[PDB]
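Asker: I'd like to ask you about the structure that follows.
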Amino acid sequence: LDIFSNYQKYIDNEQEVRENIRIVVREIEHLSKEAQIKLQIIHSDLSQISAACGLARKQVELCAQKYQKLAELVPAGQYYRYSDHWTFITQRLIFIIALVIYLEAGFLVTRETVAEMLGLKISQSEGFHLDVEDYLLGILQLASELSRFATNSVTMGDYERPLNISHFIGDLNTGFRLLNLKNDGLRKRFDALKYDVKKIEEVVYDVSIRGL
Amino acid sequence: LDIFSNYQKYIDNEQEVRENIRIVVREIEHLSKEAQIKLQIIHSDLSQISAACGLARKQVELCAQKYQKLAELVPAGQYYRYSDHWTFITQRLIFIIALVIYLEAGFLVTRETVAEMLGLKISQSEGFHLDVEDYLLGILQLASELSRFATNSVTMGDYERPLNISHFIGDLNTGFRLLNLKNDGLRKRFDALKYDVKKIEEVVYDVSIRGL
Amino acid sequence: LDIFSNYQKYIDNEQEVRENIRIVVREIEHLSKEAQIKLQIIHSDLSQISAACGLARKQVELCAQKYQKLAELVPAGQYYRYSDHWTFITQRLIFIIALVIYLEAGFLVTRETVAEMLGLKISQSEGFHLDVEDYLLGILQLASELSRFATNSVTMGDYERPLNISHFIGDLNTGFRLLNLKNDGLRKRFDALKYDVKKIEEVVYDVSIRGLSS
Amino acid sequence: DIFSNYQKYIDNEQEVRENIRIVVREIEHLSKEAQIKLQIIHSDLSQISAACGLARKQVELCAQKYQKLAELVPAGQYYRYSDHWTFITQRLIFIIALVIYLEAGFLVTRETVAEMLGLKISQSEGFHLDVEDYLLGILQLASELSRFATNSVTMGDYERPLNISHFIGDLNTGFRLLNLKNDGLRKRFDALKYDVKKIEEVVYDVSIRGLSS
Amino acid sequence: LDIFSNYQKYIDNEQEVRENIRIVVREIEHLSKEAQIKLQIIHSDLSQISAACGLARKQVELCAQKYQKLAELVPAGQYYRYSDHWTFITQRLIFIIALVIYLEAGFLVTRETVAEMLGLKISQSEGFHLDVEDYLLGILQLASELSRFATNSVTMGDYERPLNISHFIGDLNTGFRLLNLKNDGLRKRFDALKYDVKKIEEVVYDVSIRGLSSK
Amino acid sequence: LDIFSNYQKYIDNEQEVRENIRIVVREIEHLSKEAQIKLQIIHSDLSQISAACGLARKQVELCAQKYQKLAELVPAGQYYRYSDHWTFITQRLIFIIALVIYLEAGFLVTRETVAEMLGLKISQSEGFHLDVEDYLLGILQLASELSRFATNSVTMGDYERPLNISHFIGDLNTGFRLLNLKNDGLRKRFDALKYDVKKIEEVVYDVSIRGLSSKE
Amino acid sequence: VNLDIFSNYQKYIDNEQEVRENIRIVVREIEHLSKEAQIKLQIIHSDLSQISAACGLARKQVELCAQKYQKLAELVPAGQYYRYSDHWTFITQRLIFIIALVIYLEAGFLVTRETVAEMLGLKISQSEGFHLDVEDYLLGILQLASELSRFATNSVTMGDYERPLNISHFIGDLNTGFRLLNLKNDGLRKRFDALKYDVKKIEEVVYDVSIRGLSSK
Amino acid sequence: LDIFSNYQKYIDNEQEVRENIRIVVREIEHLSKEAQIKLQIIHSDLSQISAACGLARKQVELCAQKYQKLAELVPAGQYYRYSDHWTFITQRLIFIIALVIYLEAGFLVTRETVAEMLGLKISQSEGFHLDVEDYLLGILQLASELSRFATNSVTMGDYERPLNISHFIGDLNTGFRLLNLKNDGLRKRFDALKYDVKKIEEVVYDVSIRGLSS
């Protein structure tokens, strides 16, 4: 029965560390929102793109900071014990950088760069790292955004934007079958990529079928 | 044993006030129907819009009255004890005003104005107020209506109506991520907003891709 | 869009008050546990009853205090806006008093006395009151406890305990039909009272069918 | 190429999984054996010590396969693959807690469980026994010991129930002495009162017919 | 589209008659409660039986009246169109009479007598009748009550009460297999009769196993 | 105990009449299927419509017959005692006529005509009648069919079919709000009418949104 | 681009889809017969006297099923057993349970697989012809648990206080032979696992009897 | 009780053969992926077609081998007892050849040729054969691919590709009504063919309405 008092001394600690961690993550959900809202502008005002990439980078330079405090909360080797506390809001952010990197310089941001921009490592040995599964589920979110971008881009006159997209999403669908995912929780999300490529193909059809 | 007779004296009262309250609410459901049916006309006859906004305002000027009687039934400080009796049929009506405000003057009706048109306060201190969570869930119903409007509007020739919508729904999706809802009963209903914006984007595509 | 910034200024407040309120309630769940665990002793050691009623009262004298702080967190007229935060852990506690009142003095604690022991009122006009629906759902929990008590009491030799119970639960089933509940969330919990009375009848059978007395 | 590097790592996590299910499958197999043999106690009270024995021959084996499981899991990745065995460990923690009760009439310590399976008691020291898993294990003792109390009276032993309702009695005690917050385990503690229910009922049935051996 | 206005003129009438009918039935639910609460006394005070049969008969004499008003609401030949509005609260009452008839005179109340005490007919030709399926489902409720009675009766000293019950419930289980119900909504309720006879047998066991019938 | 023997003499009768009635209804489910399967053709071969309306009418002329035998099984004034035995497979058939009436002559079949084609009355006084609630729940089934018809019609080239539909389903949605159903078992089925009108609107969109090009 | 290739296709595709409706037709007659036996055997839960009477009717049912079964064999082309197997793997479990019940009611032991085929006019190997799928046989006499737990319960209702004890040795040896297995997790592994909950109340019922129960001067 | 030990001796064998069969099939799912991914290139680079048909044929020449091993695992006359283990991943492959046969030589691959390229027979008498129902459900997968091809083809300039497709898919829709499928599991999949022909017609419209050909 003292056995159960020792239990409370440990159980208070794990449950205190959780509310402390949700607290940091809540600040990161808050920062993420800001970037995503601002980047929404790109579906109606193509001129504000670079303007908006900018704000979003002001957001990311901040996120890194709160992330580093998240590391001071997690005890070493316990990464995956509390992982589910941020695996989401990191995908939410990996998608945000991958978009901004495509908008700016028209290629696909490396995993390594993402960690560079958020103050992580690229192996859990070196410290608080970027879960490689999280990274992927992030830049998979690029499909749903870039199919809406292709549609909204033709709305605003830019008739080249679709073709350039279907080569990016084209090489992106390429690298996901070049995989060989086995049926897990992520296999499901890759399978819904074909429907995004679907309307991106359709949109490239619509342009060069009217010579627009 | 008398303890249980006193119980009946109070238990008759709460259950009498309930049937009295359903009675008022039923009259308000009835009035709401009328407005919603008449505003349905906008999906087939663009000329009857102002005509239909009109009938609906005749409906609202009435609802306020029944609403004030609902206040004479509810004992002070018991607002949320019977709240569930009308939280629905108020969202049903908040949507009706927000639609009529958009149709007429092309902007988004304030929460304060909604109470002004129904004879409520804007704080439960001042009296029978408009639950701020109810207001929100009301003007979220605007998405499902205005996506159908955008579709039915092009059916009837008006090719500008979509573009104007996707800026309204555009600034509306903006203010909902500018939030940071935590996963409750309303978080679910905001998430199904992206699918409405989906076909509103698609429709703005359809117009300026054939130029009409 | 400023409209949505004002929104955050209010929305932070309602959601701050919630975590502040769960915090108080959590302290009350903690105190409640203590009382309920200690009163579990009555199912194996009939000698520790008064001893255990005592500990539980030390628990209640404390609960009242945290309850009064809960009142300083709730803004007037908003009782039922956050009611669901404690309607449970009050039934949990109304049952605890009704049990301790039955164990000690063999009758049924008044609603008014329950509020007197927790520093509440008996009307939401006067202030932070004891929700009369909560009170009932509490002393309905007495059935499941006192059926187990009647069973465990015969285990330990006391052959009068069942008969005395079936007159308490007897007059208690009486007052609940003397009602006329209409089918809500509480109508369901009254209906599962007949199954408690069931084994309490059965236990009174078992004793005076073997002329068992002590 | 970014997506080819991806395959080189993605093959590894998915190879380690099938390698880990493989070890676990061997541990499910061993577990069954012990549980089946301990089923005997519901019909032949004489085979108890006999059956505790076979079960211990099973446990001495499980530890071994467990230590190989540790050579498969990379350090600090404990909880990345935890869900692969959190079940089949509760399955086994229940198996020892039963055998410890059958033999020596008290409740096996968490520390001893690890001692019998070659684990640590902290994830710092290495592959440890997840303290949440341990609990969910010795909660499985209620469903077994209520059936034991019932089947025990069937076979004549009229003291067995009373001794159970003090074990399950002190066990229900330590679970309210907790203060679980509503998670996945809170749900399983709540269904403990229905097990104590029929264990009380059975202690009633014996000493209400004055039954004593 | 006038076609749909005519529709409203009829649809208001059926839905008005329903609220009018629930209104009568609600009064009958109210009266039924009274009887059933008062007859509950027999489980703790064997002396108040005849006293309680009495109050219950005061309730039935009343129910008949409201019933006859229910007949003035139901248009002829529409009996089964609104049947589901009272098939319950009639079983609730058929059980109440069958109990009072058993308590008083120790036999089983005829279907014909039940209608006589409620002002109905015994064929839907003659008018508002007592649905024979409803009657049965009523005096099937006798099992759950008289098994609790047998149990509570021994509690209070009356050691003959069980034996007398197991011959009533005995002849009752007899007439239900003498049937040949085909699997419907009522077949299910007859099957749960065996569990009532179960403890009624058990209770007759418990008495004459400690020698409590005078002999 | 004889009281319970008399009971069996009656209880055999109600339960015999039930199997006799399910027997008639089973023959009517069978005939119904035939009509509905043949009318499915309209979703792929617009030329077989009149051909298929025909087969379906050969089915209905038959159903009436079995229906009249169902009347000889039901004792007068017991209509609603066994109603639940066919309230379904009549909605199944009321939808079948309403579809064939729309396909042929482009308007909405009267309740009175439905009874005329099945040998019923229009009041339970006159005899075995067509339950007016059943009639409604039938021609509500028209929505799910005619939305799929509008979609499959554009597939096959007929670009006028949708517009004509959205005026039929348009006036049909009109008469259902012109109601004032109170929340029962049928209120639920009317509410799921808006989702059928939804895609029918969408389809009319898709047609008249595909006009011309530049001309240079 | 040839198009006759797709006409030949119709000539074969009409045949497999005709044989299916022909096969459902036979199976429908067998579902019909099965019902009869199961309904009549339901009587045992309320009238212990009608057992032998009811075993009888059910055997009149099985003597008939065999016949329709042999016609089902004339519809299935050799070596295509498992191509249409899913058309009857259910309604055979339905019947394997019916025999295993009647064999237990009658002579108190467990019917052999070989005997089941003997009573239905099958073989015991798909070489010899239309056989009794061994997986089907098992899934049948697993249905015995749900029936015999309800029987033990309904038996004590009607006075027979030995019936439970006799059941818990049959179900006892039956639970024995199922762990003596080593099923790997498939579609049948799931159905064996729900056997412990049937043994549960059968143990409970043997408890209830020999716990009642008295020790007087 | 020994009756149930003999049972285990057979039951281990059927469940060992299953894991052995899933093992071969898994290797064939792996090879199939390779062909399908590589043939995806045709939707963006019309020059790599013949290049990609080639890689895919290097994949098929391999598949046949693993297939022949699958035959050494299946006991004769038990074809359909384990059929459900590969009926999918063969449609997956029948589609892969039918596509590569269309891309190369512009006609429709015979069922007989499919077996020739995979080392099967064309009757279950002769041995491990190609289930004719599987073959069909394969070359039905041609519609979804060739509608996307017609769309992506005009994207890349080739304005004749649609017209040629609508005669292939045209003669293919022809042979499927020339059928008379009865409502089973495959009747459903043929019915969703009209929606593929739909956009294929639409695309032929789009080209010769801006006279991109003729």
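Residue numbers (the deposited numbering), protein chains in the order written: chain A, 7 to 218; chain C, 7 to 218; chain D, 7 to 220; chain B, 8 to 220; chain F, 7 to 221; chain E, 7 to 222; chain H, 5 to 221; chain G, 7 to 220.
No residue lacks a Cβ here, since even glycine has one placed at the ideal position from N, Cα and C.
Starting from the beta carbon of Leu218 of chain H, find every residue of chain B whose beta carbon is closer than 7 Å, and list them in chain order.
Answerer: Near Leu218 of chain H (Cβ distances below 7 Å), the residues of chain B are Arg216.
Asker: Whose C-beta lies closer than 7 Å to the C-beta of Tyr141 of chain G among residues of the same chain, with five residues either side of it excluded?
Answerer: Result list for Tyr141 of chain G: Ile100, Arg117 and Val120, in chain order.
Asker: Grab me the residues of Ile107 of chain H's own chain with a C-beta within less than 8 Å of its C-beta, minus the 5 sequence neighbours each way, in chain order.
Answerer: So the list reads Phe113, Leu114, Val115 and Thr119, once near-sequence residues are dropped.
Asker: Hey, out of G:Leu184, G:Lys39 and G:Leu218, whose CA is closest to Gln14 of chain H's CA?
Answerer: Nearest C-alpha to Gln14 of chain H: G:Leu184.
Asker: Please name the residues in the stretch 155-171 of chain E whose beta-carbon is closer than 7 Å to at least one beta-carbon of chain G, in chain order.
Answerer: Answer set for the stretch 155-171 of chain E: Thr161.
Asker: Considering only their Cβ atoms, is the gap separating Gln42 of chain A from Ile128 of chain A smaller than 8 Å?
Answerer: Contact flag unset, no.
Asker: Can you name, in chain order, every residue of its own chain whose Cβ lies under 6 Å from the Cβ of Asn158 of chain A, other than the five neighbours on each side?
Answerer: Taken in chain order, the residues that qualify are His49.
Asker: What's the C-alpha gap between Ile145 of chain A and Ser172 of chain B?
Answerer: Approximately 57 Å, taken between the alpha carbons.
Asker: Measuring CA to CA, which of E:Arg63, E:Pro81 and E:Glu110 is closest to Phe134 of chain E?
Answerer: Residue E:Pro81 is the option with its Cα nearest to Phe134 of chain E.
Asker: Under a three-way DSSP split, which group does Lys127 of chain F fall into?
Answerer: Correct three-state label for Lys127 of chain F: strand.
Asker: Identify which residue in H:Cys59, H:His91, H:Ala70 and H:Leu152 has its Cα closest to the Cα of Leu169 of chain H.
Answerer: Of the listed residues, the one whose Cα sits closest to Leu169 of chain H is H:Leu152.
Asker: Is there at least one Cβ from chain F nearer than 8 Å to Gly112 of chain E's Cβ?
Answerer: Not an interface residue.
Asker: Does the stretch 82-100 of chain A come close enough to the stretch 69-89 of chain B that 3 or more CB-CB pairs lie under 8 Å?
Answerer: Result yes; three or more Cβ-Cβ pairs closer than 8 Å.
Asker: Would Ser38 of chain H be called buried (16 or more neighbouring beta carbons within 10 Å of its own) or exposed?
Answerer: Its Cβ being crowded by 16 or more others within 10 Å, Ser38 of chain H is buried.
Asker: How would you label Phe94 of chain E, buried or exposed, when you count the other beta carbons within 10 angstroms and need 16 or more for buried?
Answerer: With fewer than 16 Cβ atoms within 10 Å of its Cβ, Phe94 of chain E is classed as exposed.
Asker: Can you pull the DSSP bridge partners for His135 of chain B?
Answerer: DSSP output for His135 of chain B lists B:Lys127 as bridge partner(s).
Asker: Determine, using beta carbons only, whether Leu7 of chain G and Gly181 of chain H come nearer to each other than 8 Å.
Answerer: Yes, the pair counts as a contact, with Cβ atoms nearer than the cut-off.
Asker: Quick check: is any heavy atom of the ligand FMN less than 7 Å from the C-beta of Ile47 of chain F?
Answerer: The ligand FMN is not among the ligands present in this structure, which contains no ligands whatsoever.
Asker: Is any beta-carbon of chain C found at less than 8 Å from that of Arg183 of chain E?
Answerer: Yes, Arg183 of chain E lies at the interface with chain C (some Cβ there is under 8 Å from its Cβ).
Asker: For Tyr73 of chain G, does the count of other Cβ atoms within 10 angstroms reach 16, so buried, or fall short, so exposed?
Answerer: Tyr73 of chain G comes out buried.
Asker: Of all the residues that make up the stretch 182-201 of chain C, which are near chain A by a beta-carbon distance shorter than 7 Å?
Answerer: Taking 7 Å as the Cβ-Cβ cut-off against chain A, the residues of the stretch 182-201 of chain C that qualify are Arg183, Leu184 and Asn186.
Asker: Could you list which residues in chain F have their beta carbon closer than 9 Å to that of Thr180 of chain E, in chain order?
Answerer: Here the neighbours are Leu7 and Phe10.
Asker: Note down, in chain order, every chain F residue with its Cβ under 7 Å from the Cβ of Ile100 of chain E.
Answerer: None at all; the shortest Cβ gap to chain F is about 15 Å.
Asker: Thinking C-beta only, is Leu143 of chain A closer than 8 Å to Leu178 of chain A?
Answerer: No; because the gap between Cβ atoms is not below 8 Å, this pair is not in contact.
Asker: When you compare the CB of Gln54 of chain D with every CB in chain C, is at least one pair closer than 8 Å?
Answerer: Output row for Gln54 of chain D: interface = no.
Asker: Please confirm whether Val210 of chain G has its beta-carbon closer than 8 Å to some beta-carbon of chain H.
Answerer: No - not a single Cβ of chain H is within 8 Å of the one on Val210 of chain G.
Asker: Applying a beta-carbon distance threshold of less than 7 Å, which residues of chain H neighbour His49 of chain B?
Answerer: Under the 7 Å cutoff, chain H gives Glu207.
Asker: Under 8 Å Cβ to Cβ from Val31 of chain E, same chain only, skipping five residues before and after it: list those, please.
Answerer: Excluding sequence neighbours, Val31 of chain E sits near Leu76, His91, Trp92 and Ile95.
Asker: Just the C-alpha distance for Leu126 of chain E and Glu139 of chain F, rounded to the nearest angstrom, thanks.
Answerer: C-alpha separation (whole angstroms): 29 Å.
Asker: Roughly how many whole angstroms lie between the Cα atoms of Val23 of chain G and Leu79 of chain G?
Answerer: So the alpha carbons of these two residues sit roughly 7 Å apart.
Asker: Mind checking if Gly83 of chain C is an interface residue toward chain D, Cβ cutoff 8 Å exclusive?
Answerer: With 8 Å as the cut-off, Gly83 of chain C counts as an interface residue toward chain D.
Asker: So with CB distances below 9 Å, who are the chain E contacts of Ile95 of chain C?
Answerer: Per Cβ cutoff of 9 Å: no residues; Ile95 of chain C is ~13 Å from chain E at best.
Asker: Check the Cβ-Cβ distances between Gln147 of chain G and every residue of chain A, and say whether any is below 8 Å.
Answerer: Not an interface residue.
Asker: Name, please, each residue of chain H whose Cβ falls closer than 7 Å to the Cβ of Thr116 of chain G.
Answerer: Here the neighbours are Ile9.
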